[PDB]
Amino acid sequence: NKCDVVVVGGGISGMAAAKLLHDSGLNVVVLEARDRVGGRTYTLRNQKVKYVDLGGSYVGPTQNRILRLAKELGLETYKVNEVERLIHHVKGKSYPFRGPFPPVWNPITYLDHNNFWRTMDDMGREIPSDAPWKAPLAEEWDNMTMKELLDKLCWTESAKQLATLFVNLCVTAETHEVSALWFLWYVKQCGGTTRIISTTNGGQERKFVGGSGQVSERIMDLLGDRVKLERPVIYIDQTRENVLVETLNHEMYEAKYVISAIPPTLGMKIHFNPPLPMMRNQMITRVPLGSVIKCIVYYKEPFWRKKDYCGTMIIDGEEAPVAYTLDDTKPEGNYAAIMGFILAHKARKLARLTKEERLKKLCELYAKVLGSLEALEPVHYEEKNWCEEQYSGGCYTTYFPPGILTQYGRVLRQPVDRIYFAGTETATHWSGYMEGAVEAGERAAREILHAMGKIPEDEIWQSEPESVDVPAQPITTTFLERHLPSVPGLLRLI
Amino acid sequence: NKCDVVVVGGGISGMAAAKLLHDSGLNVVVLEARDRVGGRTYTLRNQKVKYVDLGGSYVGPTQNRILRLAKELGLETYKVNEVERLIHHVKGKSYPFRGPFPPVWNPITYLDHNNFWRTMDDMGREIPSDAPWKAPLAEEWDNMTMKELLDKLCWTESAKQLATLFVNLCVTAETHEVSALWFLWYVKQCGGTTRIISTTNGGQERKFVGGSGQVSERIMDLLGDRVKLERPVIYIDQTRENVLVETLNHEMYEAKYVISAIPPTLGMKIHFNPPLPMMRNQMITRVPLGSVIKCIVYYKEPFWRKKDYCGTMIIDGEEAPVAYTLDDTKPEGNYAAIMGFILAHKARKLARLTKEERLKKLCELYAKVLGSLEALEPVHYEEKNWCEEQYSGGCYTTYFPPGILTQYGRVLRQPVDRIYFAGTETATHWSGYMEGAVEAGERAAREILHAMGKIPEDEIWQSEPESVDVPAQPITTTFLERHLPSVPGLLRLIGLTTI
Ligand SMILES: *Cc1cc2c(cc1C)nc1c(=O)[nH]c(=O)nc-1n2C[C@H](O)[C@H](O)[C@H](O)COP(=O)(O)OP(=O)(O)OC[C@H]1O[C@@H](n2cnc3c(N)ncnc32)[C@H](O)[C@@H]1O
Ligand SMILES: *Cc1cc2c(cc1C)nc1c(=O)[nH]c(=O)nc-1n2C[C@H](O)[C@H](O)[C@H](O)COP(=O)(O)OP(=O)(O)OC[C@H]1O[C@@H](n2cnc3c(N)ncnc32)[C@H](O)[C@@H]1O
Ligand SMILES: CCc1ccc(CCOc2ccc(C[C@H]3SC(=O)NC3=O)cc2)nc1
Ligand SMILES: CCc1ccc(CCOc2ccc(C[C@H]3SC(=O)NC3=O)cc2)nc1
């Protein structure tokens, strides 16, 4: 019944918040709707796969909070395989390459591609990470979709196809679904185009040995019986001295403060007394999550490596079910596997099929792209469609349709009386990722410590020392990349 | 706790559904979250106003279901005042006019305005009322906002300005917030541009004597103790032979079937066992309601009539808090009043002020638009910001952002095991309105009667005889309206002769 703080949600953010408060000497309780912890992370274990991340998996340089938390819990990382060549498959042909950038051979098309990525980062430099609505052109950019921006910027269909894939893969949503301002903020707050797309020296550099689900699991181990599973919160009452929190299974909890560590829209599943302020009331109806099926096909051997391919495939176009893959083989070289994402509208379309039907489509696609009949002989298959999850709403994260971020963005982390807001969606660096989940959970926890008079105001937001295990190398550009003209810039010189 | 059908929501749609089922001999229960029925309709009564609709109010020709239901319940309508001139206020100046269309004198501007409304209706004719996602260019149109479509179509700032106000006023949302396909559907399913904008011969022709809240109240009277107030539904369980419905105040109800008669996104407030199918699970996170404050300023007399103004003002410009007003005086001629809407972003922006501050801003605006110092002397004020409502989510209705209607639209009224879906959002004619609430409630009820083997399949969807009290004049166009060129059409003709 009685405690200092109730945390709603036992994903990484809620767990990180509860741990910090617990370590500080407060009595905490975590109320989790599911029969498991981890939320948008989920590590499946069976003999065929050993373990596999069906939700969030990747960590990399500059994500120092998640790396520090995992290390403390006794976890280690290994590198996602990028020794051999990456593949860009365009108009029915595979083009192997090295470096983070797919090569472009046509000179006009080259200028167009170069300008697109450069312009994304140029625009990002004017968007504050902690307040994107304060961008000088916030309203102009928020009132446009990414489709509109791409249509204006890309003079070649080639650039437009890759730019579209980029949007789809970053935020599991269609270019026409999302605000340009929000999307440009999203990329900038991960460190820019190069950092977000990169395996080596980027967001996809590493995975956790044994799976990312261990983060939430091991914190639940540390919290004893303070984690309550199968307790979906249904009601929060702030009319009295202590806050009252009621669960679906009829239990009542009493606390001084609450942390909401669930996706913003899932706040709708809770009935509030008194009602929420107008702006939050409407905000939580305006913020959907994206759509994705994560699919892992297993093979006897990582056969692609013999052809000097690392397993990374970037696959343009409408026909392909999967637009992007990475090698999911274990560090020992066993449990050979390819991870692929079925993105946005394709998640919706292909959900109608059977598991076996999807397996066949993926195997035939991979056989074409890798140029190998070995892709047609899988030994095992696992997948998860995150669109079906009542207590997630989708994956990877929440996207903002046009007009929403400028009108409602401010209220995302604004406290409501004694309710404070965590969740990766409220982070200012790697929001959308496990890193942002840690940042937001610890910040929300420290807001409460400050409310209790335990720490000063300047300690609410705290820097993180760089990981020694996963250090970051700087992102560089070339002289030509910085100074080559766009297509219309070349036209104006003519 | 045992019944045949549980209806979730006691707005017009749930009440219409419950009444039909009750009349058919079934045992119904209505579970309503609030301490009142009516939902997005709410009639305030006090001595200063007598009565006033703070939510949905207007009915008109072609809305035959709401008119028939209200008539059966003993209600009467009266006509909104449109005897005198309307006002279009643009660039700080007022232009009085008659007819549904603000006058446009500049011939280029006239062609552009004519073509804009014509094209809205032309495109609408391509969109099936019962399946907008089946339009030939559904995907192209759904992947565009209304802002993009206006930018393409309007060759004058004058047309773009009025078109923007039109969207804001129809759906309480910004042009950049909404899908072009969805908005084009929304207008077409109300009968088109002329019908949706008109007072005389359109959606705003009439109000109910005594207020629209009487519709839901009188149905509650008919149903007696079957309506349960302050029972917000939290949980629906379909894993066993009969459906189990749990409320916040700790009550359990058992039923053969359920009708969900709440705004689609408010489905999120219910925990489902088993979980909803993927498409509905995501759909209910993708469908917000609009933003509006409805404001009524009272005066000693309807002084605007003396200057040959009916009370209708169409007000363009960022600075104006209210973009549209109608005379709200009682049919007897007393309790003189102006009704105004604060729309979309302005509802958000102006919510920060006090009630007294909003009243001052409205009076100052009305004084300028009407050229009348008497507008600075209000005797009373009432208002309601629908953005603050936990159990509405907004008003008037649900809008669809770009890309959503084609991807998720088909599941809006698709049954989920033994749950059937009512609510105005699921209607095919005047969706968003009290009329659509009746259509959807009665249709959902008949879906259940069919499932029980009580009526044949062809009786699920039923036509409605035209009101004898509110006849519908047809929507007509002139030869010139049909065949005058667009601005680019004129330019093509110019470039053709110059050869
Ligand atoms: C789904 C997904 C996510 C993902 C990704 C691929 C997929 C398919 N790949 C990632 C990656 O490679 N690297 C990375 O860093 N992130 C990746 N992501 C996203 C990542 O998983 C998320 O950013 C992160 O997991 C989010 O953490 P957070 O703690 O903020 O949120 P959550 O996991 O959703 O946890 C919320 C918990 O709350 C519970 N819940 C929901 N409603 C209630 C109620 N009413 N009462 C009590 N509890 C509730 C949820 O069940 C959940 O456990
Ligand atoms: C708000 C508004 C609406 C409006 C308008 C002006 C404003 C300011 N002008 C209109 C007009 O002039 N003419 C017209 O025909 N319509 C106008 N509108 C729209 C109109 O009010 C709506 O279309 C109509 O009232 C909607 O009816 P419907 O029955 O479909 O929906 P509802 O009124 O919202 O009723 C839903 C009920 O369900 C209850 N609820 C919500 N959640 C729960 C849960 N969890 N459990 C139990 N009950 C629940 C709500 O409280 C409500 O009563
Ligand atoms: C800047 C030039 C460029 C343009 C597009 C691509 C194709 C690959 O793009 C990517 C885009 C996003 C991501 C990150 C994706 S992958 C994941 O697990 N989670 C993510 O957020 C990974 C790769 N490569 C290079
Ligand atoms: C076709 C040419 C034209 C273009 C716009 C206007 C300005 C008025 O536009 C209107 C637009 C919508 C509405 C209906 C609004 S008012 C209400 O109570 N609920 C509604 O849906 C009423 C008027 N007049 C004429």
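Cβ atoms come from the backbone with ideal geometry, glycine included; neighbour counts cover every protein chain shown. Every number in this text was worked out from the coordinates using simple rules, so none of it is lab data.
Would you mind working out the magnitude of the charge dipole of segment A:217-258 relative to its Cα centre, with +1 at each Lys and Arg C-beta and -1 at each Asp and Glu C-beta, to the nearest 20 Debye?
The calculation lands at about 120 debye.
When you look at the Cβ of every residue in A:261-270, what mean number of other chain Cβ atoms sits within 10 Å?
3
Which shape class, rounded, prolate or oblate, goes with segment A:90-215 when its Cα gyration tensor gives a ≥ b ≥ c as root eigenvalues, a/c under 1.5 marks rounded, and past that a/b bigger than b/c marks prolate?
The shape class here is oblate.
Report the longest stretch of chain B that contains none of the chymotrypsin sites (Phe, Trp or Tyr not before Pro) sitting in a DSSP loop with at most 13 other Cβ atoms within 10 Å.
B:106-460
Hey, got a sec? Which GluC sites (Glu not before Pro) in segment A:25-107 land in a DSSP loop and have at most 15 other Cβ atoms within 10 Å?
For GluC sites (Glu not before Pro) across segment A:25-107 that sit outside H, G, I, E and B with at most 15 neighbouring Cβ atoms in 10 Å, the list reads A:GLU76.
Can you give the charge dipole size of the protein assembly as shown about its Cα centre, rounded to the nearest 20 debye, using +1 on the beta carbon of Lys and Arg and -1 on the beta carbon of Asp and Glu?
Here the size comes out at about 520 debye.
Fewest Cβ neighbours within 10 Å first, please rank A:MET434, B:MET279 accordingly.
Listing A:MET434, B:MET279 from fewest to most nearby Cβ atoms yields B:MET279, A:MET434.
When the chain is fully extended, how far beyond the present Cα-Cα distance does A:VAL209 get from A:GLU301, taking 0.36 nm per residue of separation?
This chain segment gains 31.2 nm when fully extended.
Quote the FRET efficiency, to the nearest 0.05, computed for A:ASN106 versus B:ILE499 with a Förster distance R0 of 25 Å and r equal to the Cβ-Cβ distance.
0.10
Partner chain Cβ atoms within 10 Å, averaged over the residues of B:387-394 - can you pull that number for me?
Mean partner-chain Cβ count within 10 Å for B:387-394: 5.
Loop only by DSSP, 13 or fewer other Cβ within 10 Å of the Cβ. Give me the GluC sites (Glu not before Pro) in segment B:350-434 that pass, ordered by residue number.
Those that pass, being in a loop and sparsely packed, number zero.
Would you mind ranking B:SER212, A:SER129, A:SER216 by Cβ crowding within 10 Å, fewest neighbours first?
Exposure proxy ranking, most exposed first: A:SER129, B:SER212, A:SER216.
So if we plug the beta-carbon distance of A:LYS368 and A:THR478 into 1/(1 + (r/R0)^6) with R0 = 35 Å, what FRET efficiency do we get, rounded to 0.05?
Working from the Cβ atoms, E equals 0.55.
Looking only at the protein assembly as shown, where both bridge partners belong to it, what percent of the DSSP beta bridges are antiparallel (to the nearest 5)?
Beta bridges within the protein assembly as shown, antiparallel portion: roughly 65 percent.
Could you list A:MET452, B:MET15, A:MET339 so that the one with the fewest beta carbons within 10 Å of its beta carbon is first and the one with the most is last?
Least crowded to most crowded, the residues run A:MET452, A:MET339, B:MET15.
Given points 7 Å out from each Cα along the Cα-Cβ axis, report the A:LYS50 to B:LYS152 separation in nanometres with one decimal.
5.3 nm
Would you mind getting me the FRET efficiency between A:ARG226 and A:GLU383? Use the beta-carbon distance for r and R0 = 41 Å, nearest 0.05.
For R0 = 41 Å, the calculated efficiency reads 0.80.
Roughly how crowded by other chains is peptide B:67-73, in terms of the mean Cβ count from those chains within 10 Å of each of its Cβ atoms?
Across B:67-73, the average partner-chain Cβ count within 10 Å equals 0.
What whole number of Å gives the distance from the Cα centroid of segment A:24-46 to the Cα centroid of segment B:172-211?
Each part reduced to its Cα centre gives a spacing of 48 Å.
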